[PDB]
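So the chains spell out like this:
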Amino acid sequence: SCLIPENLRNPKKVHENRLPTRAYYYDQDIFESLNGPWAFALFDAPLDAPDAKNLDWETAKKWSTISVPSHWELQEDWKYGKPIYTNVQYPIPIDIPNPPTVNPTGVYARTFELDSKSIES
Amino acid sequence: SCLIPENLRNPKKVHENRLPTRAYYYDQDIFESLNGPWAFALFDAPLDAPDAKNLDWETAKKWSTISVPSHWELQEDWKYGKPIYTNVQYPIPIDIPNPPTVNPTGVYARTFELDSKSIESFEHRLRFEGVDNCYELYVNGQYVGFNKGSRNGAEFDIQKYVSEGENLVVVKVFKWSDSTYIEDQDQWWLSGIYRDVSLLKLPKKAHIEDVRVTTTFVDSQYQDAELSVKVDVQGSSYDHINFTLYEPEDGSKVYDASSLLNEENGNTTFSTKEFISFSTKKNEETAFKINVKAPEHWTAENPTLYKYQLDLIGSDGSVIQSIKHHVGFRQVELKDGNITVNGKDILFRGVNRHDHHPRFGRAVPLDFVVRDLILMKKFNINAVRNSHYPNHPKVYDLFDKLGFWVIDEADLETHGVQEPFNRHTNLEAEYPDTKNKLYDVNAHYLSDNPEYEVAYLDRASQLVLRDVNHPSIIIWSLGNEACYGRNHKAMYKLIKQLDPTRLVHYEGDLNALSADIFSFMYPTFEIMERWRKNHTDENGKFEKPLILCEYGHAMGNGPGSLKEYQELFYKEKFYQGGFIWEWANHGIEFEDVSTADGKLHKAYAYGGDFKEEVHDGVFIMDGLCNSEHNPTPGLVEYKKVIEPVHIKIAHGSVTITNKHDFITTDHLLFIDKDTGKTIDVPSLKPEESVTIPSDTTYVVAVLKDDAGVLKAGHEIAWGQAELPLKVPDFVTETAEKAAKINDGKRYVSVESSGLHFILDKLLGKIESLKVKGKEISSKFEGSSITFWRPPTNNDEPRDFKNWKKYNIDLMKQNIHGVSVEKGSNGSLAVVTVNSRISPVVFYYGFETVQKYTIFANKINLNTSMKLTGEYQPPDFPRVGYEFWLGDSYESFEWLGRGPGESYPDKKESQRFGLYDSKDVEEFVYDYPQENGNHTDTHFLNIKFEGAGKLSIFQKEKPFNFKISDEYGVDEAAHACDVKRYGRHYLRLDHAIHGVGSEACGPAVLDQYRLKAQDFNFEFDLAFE
Amino acid sequence: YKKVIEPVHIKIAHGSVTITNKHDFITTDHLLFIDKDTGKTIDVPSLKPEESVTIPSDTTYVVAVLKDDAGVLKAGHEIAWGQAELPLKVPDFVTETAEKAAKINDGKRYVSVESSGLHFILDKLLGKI
Ligand SMILES: [Mn+3]
């Protein structure tokens, strides 16, 4: 299935380059929040989303913003769709391990500042 | 119970002071109509109604008026309530024999004038043709009597009560009574004086009270017959009776509404073509038996009648009274196990006909009844069952004159006793061979209840004695779905005593312990066949035959498989046909708020529309004709399956078989439709056939001359040679044209001279296909191949439940790969789409390959659908493409079945030919559902303005198609609720599920079910 | 046509109902006059052809209706009616004039105005919403 990206239909692709899980401790001196408004655009499926290897901030600057954290089905005026409630039944067809081809894809973008000392320290 | 009057809760109080039932004859000189506006008031219950012994005309004058006849639930602005529809369930609590305490009571009042001479010259009676549910009657403030039996008549002697000058008639009518329990027909509950009221003036000193006419053949060869005329004369002052029989008028006699309904007259000379004359002598029996030399037979196929005049004569030799009626020479017997008329084992080509009019209800104008019967005759029907009560008494001459085998049925249904039982035991299904054991449980309440015997006998006595003299009536029926009990046995004994000349029917009596006939309703072929075999002995003899008093439930799109029932009827002498249920939808006209429009529109009401507490919804709409009593595709199909002549064309031969019971084919003109010249067909007797060598494809059997209510040229039967599927001679442009192929990230373009093809690769959707000015695109919601149809009434109870359960309405196309290559053998390009078509929630679905081979003037679409996965549905409604048609679209034309719609098990009436959409009024169902499909389609041409046609054909097999405008059909309650797009679509189908009759009867038969399986099919979209 | 030829005139102005009989022969006796604002009936004197009466009233809408079934007409059938003229009243709609942040995007061809619960797009080339 070349109309569905390989990583969305591979049960073994649990992650790529994720660090090993460790015990959680919040530390104010280490943690720096990136919450707030992010550039955001929603696409019908992966193939409509831009290549992120070529996405400028100059390009993404022009998008509407969404606030992190939040679900995109819970925005002012249901802008990016509405919630779906199912109990037992899957809301998709069962064709393990394939997701549906039409697969809502949201691209988030924001920037942050880094010091000369920061990268060294 | 002193809050309920005694007579409304006494099963034995069938009437008070009603005269004995006599044979009905309308006489203009005796009958004086009291129809018109009456003073009327409605009261909550009997105790609020005035005492009629004290009601002045001066008081009643001040009330509003209502017009007689009419139901009071059918008035301007629903002034006195609305109709209630229940099928089985009683609309009251069951507390036999009590009616509800709150019991709508309508008091009618009017006056009439009486002369000094009138009271001296005449005996005065009041005759009420029908009042629902029951009533007490008052004249000049004096109680006359009481009556029960809504569809029966009643006469009361009024002589004691009348004065010179003004006379006051007051009728107190009650909605409910102990009688309600036996009046539970599946129909509208409607009240009031809904039939004619008359003042009868009979000659005082002597008059004819009753007449009995019988015709018995003397011989086993049915030639000479004994005519027996017995007269009951009341009074002393007469000398004798005269009788004149006139020369017969052949059943081929031409009638219309006007001549059928002409009621004249006093000075009108009945006839003068004398045949036999008889006189009685002074002081001798006013009866006689005459031998009649080889008379013309009365038959439903040829309703030949001898008019007669019976005269009562005084001492001075003057005529005191005349009866002008007719004799039909006919004998019905149970002979060698068959219902026999004149020695012939007949076949019922029948319907059940209720009294119904979309505005007046059960108060049907005779004009409208005539309309019904003409239509029946126009559609090859030869019999009617009076479901489930006698009609207006004037209707029976109509049967006599037009020719129908009639089952006249007692006004008695008890069905509702079963409803609490059905619900308590969670009963899913009843079967004709076993269901009697279920009814046996509750028979004790009414049909096996001694308290009701008097009532049950009265229904029988009233039925038989009013209509005894109509040759059209061959069978009396004890009622309908009333269980089985001693009361039925009592009815049977009485009817045989009263009238030995006819046979008795009662379907509730499975083993016909007190009936002469076996009867099933909605049986399966297997069930019919079990019964046949268990009642035919080793020698091949059966004691009694089988009819289907109800079958082929005609509700909505359907009934399917009328063909298979018919094949069975013709194969076994033991089966003698059936009566389909029903003649017409019971829809009542009303103002509906539109779900499409937000505006008010005329519609036809079924259960729920009048906001009943309890109702049975759309089961009102179960006719071959719609609520306006016009033919549906059901009636069109029925006419074809029952056609009384078979025409088979094969191997350069036309075989014609006469399938009438009595008549020859002489009245028929056979036309070779391929040439237009007529075919010389030998005079064929019943069951005779002939093979004639011919190159013909299509032969029609047509009426030579106006006869009965049918016109010269009217089609009776037809046949066609089967038509091989021929590929049209379309020339595909395989010349090499330069073509630009643009395979983008999401969209693929193929552009050439005169051609534009765009496909959305993500969806599998055709965004646009424009070839030579003609444009289509996929009507897309989830999938490019769809499966759903708006469920028919038949689909609802089971198939729909399955289709919904398996989410067939939510089938999705998930694209896996799209392949784009340059054209090969004359081809411009090949676009191949690989996908899975599967609904949300589920595993099952189709591994699908759609190959689009694009030529300059044609698009070949190959579809391959591989059924995969666990937990599959049994069947689908449908399978195929949906396309939006361009703005240019104006009309279509097809080679296939037409002119109307057709479905796998409902198609044969729709002959092959070339059809144009412009020539066809597409059928509008009273209840919106699957419609407009055309099956066995060879090719389809879609015409676009200014750009010619797009031709569409499926390879190697005929296909299915629908072209329409409409949506929201599933949830639209009425025709006016149907939504419409701003453009048309084509539903292009490889296959479609059959239609059946499962709303009440067998499921779609196996060979017509669209079973779950792989689908492979190829279409061409050829552009002119 | 039924309205312009109505055989009774009902005029409502200045707290008064004026009723004029416009029949050629018959009286108004067969008619029931209902104050539609209250539902209670109005006592109207028997008026001969061309006779009229002014009755003080706060009513807006008066109907003249048949008392009893007569001829081919039913009790309650409307013969004539009148209304006081109705001033144009602005509905009591509350316009939200509170300050909401709004994004205005004035593009080359299209202009967008977006706010909470609101979306307005105009094609500047066409003048089309
Ligand atoms: Mn509706």
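In the PDB header, X-ray crystallography is given as the technique by which the entry was determined, and 2.7500 Å as its resolution.

A. The overall build of chain C, seen in detail. Looking only at helices and strands, chain C features zero helices and 10 strands. Radius of gyration (C-alpha) of chain C: 27 Å, far over the 14 Å computed for a compact globule of 129 residues. For chain C, the spread of C-alpha atoms along the three principal axes comes to 75 × 30 × 25 Å. Here chain C holds 129 residues, and the buried ones make up 25% of them.

B. Just the overall build of chain A, in detail. For chain A, the helix and strand inventory stands at two helices and three strands. Element order for chain A, N to C, with α for helix and β for strand: β-α-β-β-α. Seen through its principal axes, chain A has C-alpha atoms that stretch 50 × 35 × 30 Å. Entry remark: accessible area of chain A is about 10100 Å², with carbon and sulfur atoms responsible for 52%.

C. Focus on the coordination of the manganese ion. All names here are of chain B. On the protein side, the manganese ion has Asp592 (OD), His974 (ND1), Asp977 (OD) and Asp977 (OD) as donor atoms, found 1.8 to 2.8 Å from it. Written as a sequence motif, the donor residues of the manganese ion are D-x381-H-x2-D. Of this pair, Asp592 sits in strand 32 (residues 588-593) while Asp977 sits in the loop between strand 57 (959-967) and strand 58 (979-992), placing them 385 residues apart in sequence. Across this residue pair, the class does not change: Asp592 and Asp977 are buried.

D. Focus on the packing of aromatic side chains. Throughout the structure, instances matching the rule amount to 68 aromatic pairs over all chains. When the centroid spacing of 6.2 Å and the interplanar angle of 85° are considered together, the rings of B:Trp38 and B:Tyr108 count as edge-to-face. Highlighted residues: B:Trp38 in strand 3 (residues 36-43) and B:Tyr108 in strand 6 (residues 105-114), separated in sequence by 70 residues. Taken individually, B:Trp38 and B:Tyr108 each receive the classification buried, so the pair is uniform in this respect. On the numbers, 6.3 Å between centres and 75° between planes, the contact of B:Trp884 with B:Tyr985 is edge-to-face. Placement of the pair is B:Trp884 in strand 51 (residues 878-885) and B:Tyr985 in strand 58, with a sequence separation of 101 residues. For the pair formed by B:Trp884 and B:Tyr985, the shared burial category is buried. An aromatic cluster is defined as three or more aromatic residues linked by ring pairs; in this entry it consists of A:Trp38, A:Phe40, A:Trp72, A:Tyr80 and A:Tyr108.

E. Focus on the pattern of salt bridges. Residue and element names in this part refer to chain B. Considering all chains together, one arrives at 74 salt bridges over all chains under this definition. Between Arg466 and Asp467 there is a salt bridge whose closest N-O contact spans 2.8 Å. Here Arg466 falls in the buried class, since its relative accessible area comes to 4%. Residue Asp467 is classed as buried on the basis of its relative accessible area, which comes to 1%. Two residues, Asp916 and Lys943, come together in a salt bridge whose shortest N-O distance is 3.9 Å. Here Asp916 is found in strand 53 (residues 912-916), whereas its partner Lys943 is found in strand 55 (residues 939-944), with 27 residues between them in sequence. Through salt bridges with shared partners, a single ionic network connects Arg22, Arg125, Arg127, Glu129, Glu155 and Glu209.

F. Inspection of the interface of chain A and chain B at higher detail. Contacts between chain A and chain B engage 19 residues on the former and 17 residues on the latter. Between chain A and chain B, a total of about 1500 Å² is buried, with carbon and sulfur atoms accounting for 60% of that surface. It is A:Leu3, A:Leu47 and A:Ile94 that lose the most area in chain A upon contact with chain B, and together they represent 36% of the buried surface on that side. One can count two salt bridges joining chain A with chain B. As a salt-bridge pair, A:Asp44 and B:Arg746 come within 3.0 Å of each other at their nearest N and O atoms. For the pair chain A and chain B, the number of links is 10 residue pairs in polar contact. Looking at the side of chain A that touches chain B residue by residue, the class counts come to 12 nonpolar, four polar and three charged.

G. The sheet that holds strand 10 (residues 154-157) of chain B, seen in detail. Residue and element names in this part refer to chain B. Overall, antiparallel pairing links the four strands, which are arranged 2-13-7-10 in an open sheet. Looking at the sheet topology across the chains shown, the edges are occupied by strand 2 (31-33) and strand 10. On average, adjacent strands in this sheet sit at an angle of 30° to one another, irrespective of strand direction. The pairing of strand 7 (residues 122-128) with strand 13 (residues 197-203) spans seven bridges and is classified as antiparallel. Within strand 13, the residue paired with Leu126 across the bridge is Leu199.

H. Structural detail: the state of the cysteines. The full count for this structure, using the stated rule, is zero disulfides over all chains. Here B:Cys134 is not cross-linked by a disulfide; its sulfur's nearest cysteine counterpart is in B:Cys2, at 19 Å.

I. Examining the sheet that holds strand 14 (residues 206-217) of chain B more closely. Residue and element names in this part refer to chain B. Pairing is antiparallel in the open sheet, where three strands are placed in the order 14-15-18. Since the sheet does not close on itself, it has two edges, and those belong to strand 14 and strand 18 (287-292), each with one partner. Strand-to-strand twist across the sheet, computed as the mean angle between neighbouring axes with direction ignored, equals 15°. In terms of strand pairing, strand 14 meets strand 15 (residues 225-235) through 11 bridges, oriented antiparallel. Across the sheet, the residue bridging to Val211 is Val231, located in strand 15.

J. Structural detail: the layout of surface pockets. Residues and elements named next belong to chain B. Of the pockets and cavities examined, the second largest pocket occupies roughly 1400 Å³. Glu428, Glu430, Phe619, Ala999 and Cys1000 are the residues nearest the centre of the second largest pocket, which is lined by 39 residues in total. Tallying contributions element by element places helix 6 (residues 419-424) first for the lining of the second largest pocket, with three residues. Its residues assigned to classes, the lining of the second largest pocket shows 16 nonpolar, 10 polar and 13 charged.

K. Structural detail: a nonpolar patch on the surface. On the surface, A:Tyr24, A:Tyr26, A:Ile30 and A:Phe31 cluster together to form a nonpolar patch covering roughly 510 Å² of accessible area. Secondary-structure assignment places A:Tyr26 in the segment before strand 1 (36-43).

L. Geometry of unusual backbone geometry. Residue and element names in this part refer to chain B. In the segment running from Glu264 into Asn265, the intervening peptide bond is cis, with an omega of 5°. Residue position: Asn265 is located in the loop between helix 3 (257-261) and strand 17 (274-279). Of note, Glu687 is a non-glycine position whose phi angle comes to about 80°, a positive value. Mapped onto the elements of the fold, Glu687 is located in the loop between strand 37 (678-679) and strand 38 (689-693). Residue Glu687 is classed as partly exposed on the basis of its relative accessible area of 43%. Positive phi, normally seen in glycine, also occurs at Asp936, with a value near 55°. For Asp936, a relative accessible area of 17% corresponds to the buried category.

M. Looking closely at helix 12 (residues 633-641) of chain B. Residue and element names in this part refer to chain B. Across the nine residues of helix 12, eight count as buried, placing the element largely inside the fold. Summarising the contacts, the buried residues of helix 12 are in contact with strand 24 (348-352), helix 4 (366-378), strand 30 (546-551), helix 11 (562-571), strand 31 (575-580) and strand 40 (715-720). Two or three places before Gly634, at the start of helix 12, stands the capping residue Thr632, its side-chain oxygen 3.0 Å from that residue's backbone nitrogen.

Conventions used here
- Residues numbered from 1 in each chain as written, not as in the entry; some residues may be left out.
- Chains lettered and ligands numbered in written order.
- Part of a larger assembly, values for the part shown.
- Heavy atoms only, no water.
- Helix = DSSP H or I, 4+ residues; strand = E, 2+ residues; numbered from the N terminus.
- Rg over C-alpha atoms; globule rule 2.2 N^0.38 Å.
- Buried < 20%, exposed > 50% of the residue type's maximum accessible area, 1.4 Å probe, protein only.
- Areas by Shrake-Rupley, 256 points an atom, 1.4 Å probe, with all protein chains shown as cover.
- Donors = N, O, S within 2.8 Å, 3.2 Å for Na, K, Ca; no water.
- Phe/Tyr/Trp six-rings, centres within 6.5 Å; stacked < 30°, edge-to-face > 60°.
- Salt bridge = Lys/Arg side-chain N within 4 Å of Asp/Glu carboxyl O.
- Contact = heavy atoms within 4.5 Å.
- Buried area = accessible area lost by both parts, 1.4 Å probe.
- Polar contact = N/O pair within 3.5 Å; in protein donor to acceptor, adjacent residues only side chain to side chain.
- Nonpolar A, V, L, I, M, F, W, Y, C, P; charged D, E, K, R; others polar.
- Pairing = 2+ DSSP bridges.
- Axes fitted to C-alpha atoms, helices over the stretch in contact; angles between N-to-C directions.
- Disulfide = S-S within 2.5 Å.
- 1 Å grid on protein atoms, 1.4 Å probe; cavity = no way out; pocket = protein on both sides within 12 Å on 5 of 7 lines; lining within 4 Å.
- Points joined across faces, edges and corners; volume = space filled by probe spheres on them.
- Patch = residues over 30% accessible without salt bridge, like charges linked within 9 Å, V, L, I, M, F, W, Y side chains within 5 Å.

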